[PDB]
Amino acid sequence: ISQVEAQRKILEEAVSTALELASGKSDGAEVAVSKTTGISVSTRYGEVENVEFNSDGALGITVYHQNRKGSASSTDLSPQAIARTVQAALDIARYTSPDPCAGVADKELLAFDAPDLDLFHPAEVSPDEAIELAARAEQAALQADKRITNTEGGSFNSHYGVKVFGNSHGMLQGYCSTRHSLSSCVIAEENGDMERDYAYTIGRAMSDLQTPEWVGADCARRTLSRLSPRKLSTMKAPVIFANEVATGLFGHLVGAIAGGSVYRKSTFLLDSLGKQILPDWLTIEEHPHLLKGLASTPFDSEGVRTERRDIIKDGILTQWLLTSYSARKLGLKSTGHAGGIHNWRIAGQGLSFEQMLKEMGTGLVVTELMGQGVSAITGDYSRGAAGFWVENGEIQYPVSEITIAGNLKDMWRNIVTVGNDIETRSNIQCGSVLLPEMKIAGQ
C-alpha cells in the first residue's frame, strides 16, 4: 500500500479541490476520481506475446445551479486541469434547463462513514511471473488432447485501484480494490470443423484463484465438447440455461426494474411492482457488503449507502432499482443502485446439473448466447444459441446455428427449477435454470 496510499492522498486532495472550486458558483456538486494500475500479459504457445503496463486516472464532476446540471471530465488531475474541468461543467449548467429531480443525493442517504469491505489484496506480480502463469494455463490446455490444433493464448491480468467520491453535503470517502484473473483459450478441430472455447479464474486475491493447470484442463474440456455440432431442426422444446448463461437470464431483470426505465414507462414490468413475476419459491438476494465480493461496494456512484435487500422475495418483485434522479421522478428515495447491482444470490433447489438433465429428459441445454435480441419495453427475447441436445437425460451432441425465442415475462414466471451448480465468478450467482418450453429456430 505505499504506491496506493500515495495515489489515495492525491485523489482525496483532487476531490476536495474540485468541490471547493465549485462551491461558490453552484448549489451542489458531485466529484468522482479513480486511479487503476497493473499489468496485462498474454502468451502464444507458451511464449510471451504481449506485455501491457496499465496506468489510468480520471476525474469527473457534476454541478447543479437552479436545478440545471452540467458535467465535465479530465484524465489530468493537475490543479490547473481541475480548475478548467470545474469551469467547463459550470459553463454547461448556465445553458441547461432547470430539472428538479437532478441534484446531489439526499444527505440522509449518504455513506459519510463507509464500511471497509476488504476489497484490496495486492500482489507484486512481475511481468515474468505473470507470463509464467499464463503460459502454464495455455500449455495445460494445449497438451490435453491431440485435436487441439491452435490457440488464442494464455492471459493474466492483475490490477489495483483507488476510488474517491465527494459531494457538497460534505461526504468524502474512498476505497481501494484489486482484481486478478487468469485464462486460456484454445482451438480444436475435427473433420474440417474448428471450435474455440475458454476457461478462467478470477478473484480479489491471488490465493483465491484456481491453478493454471485447472484453467487449462477446463479450457480443453470445454473446447473439445463443442466439436462436430448439429444444427437442430425448428421445434418447441424445454431449455436449460446452463449456469454461465443463467446468470445473464436473471441479468435482464436489472434493466427491466431500473428506475430510469420505470419513470419513462419503457419497461415491460411497469405494472409488476408487488406482483409474482417468478416462481413462489424463488428469492433473489442482494448482498452489497460481502467481504471481498466481486461486486461489493461501500456506496454507489452518487455516494448513497448500499443495503442488503431481497429484490425478489418468494417470486414477488419487492422494489425498483433506483438512483437519486429516478427515485425523485417516482416520489421515492434512492435505493443505492447508481452504477448497478451489488452481488445477487439465488439458491439452488436441490438438483445437480446431472439431475436437471434427467428431470428434463429431452431438450436443449444452452451454454453460449449471441446477439442482443432482448426488447427492454416488451420483454420479447430472440438470441442465437450454442449448447447441447439432451435425450434420455443424457447429452447426445453439441448444437449450434440455432436461435431461442420467447418473452421474458413468460420465461421468468414459469421457471421449473434452479440448480445447485452455482456459477461463482460473476455479480449474479446462480445455478442452471430449466424452462419448460422455447421456440428453437433451425433447419
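In case it trips you up, residue 1 is the first one in the sequence shown, and so on.
Peer 1: So 272-280 or 318-326, which one's hotter by mean CA B-factor in the entry?
Peer 2: On average, C-alpha B-factors are higher across 272-280.
Peer 1: Per the entry, where is the mean C-alpha temperature factor higher: 421-429 or 6-14?
Peer 2: So the stretch with the higher mean C-alpha B-factor is 6-14.
Peer 1: Which one of 248, 212, 98, 350 shows the top CA temperature factor in the record?
Peer 2: Highest CA B-factor of the listed options: 350.
Peer 1: Could you check 260, 298, 363, 203 and tell me which one carries the biggest Cα B-factor in the deposited entry?
Peer 2: Most elevated C-alpha B-factor of the set, per the entry: 260.
Peer 1: Consider only the C-alpha atoms of the modelled residues in this chain, order them by B-factor as the entry records it, and name the third containing residue 240: lowest, middle or highest.
Peer 2: It belongs to the lowest third of the chain when residues are ordered by C-alpha B-factor.
Peer 1: Of the three thirds of its chain by CA temperature factor, lowest, middle or highest, which one includes residue 105?
Peer 2: Ranked within chain, residue 105 CA B lands in the middle tercile.
Peer 1: Residue 313's Cα B-factor: lowest, middle or highest third of the chain?
Peer 2: Its C-alpha B-factor belongs to the highest third of this chain's values.
Peer 1: Mind checking which third residue 376 falls in for C-alpha B-factor across the chain?
Peer 2: Answer is highest: the recorded C-alpha B-factor places it there.
Peer 1: Compare the C-alpha B factor of residue 52 with those of the other modelled residues in its chain, then answer lowest, middle or highest third.
Peer 2: Its C-alpha B-factor, which the entry lists for residue 52, ranks in the lowest third among residues of this chain.
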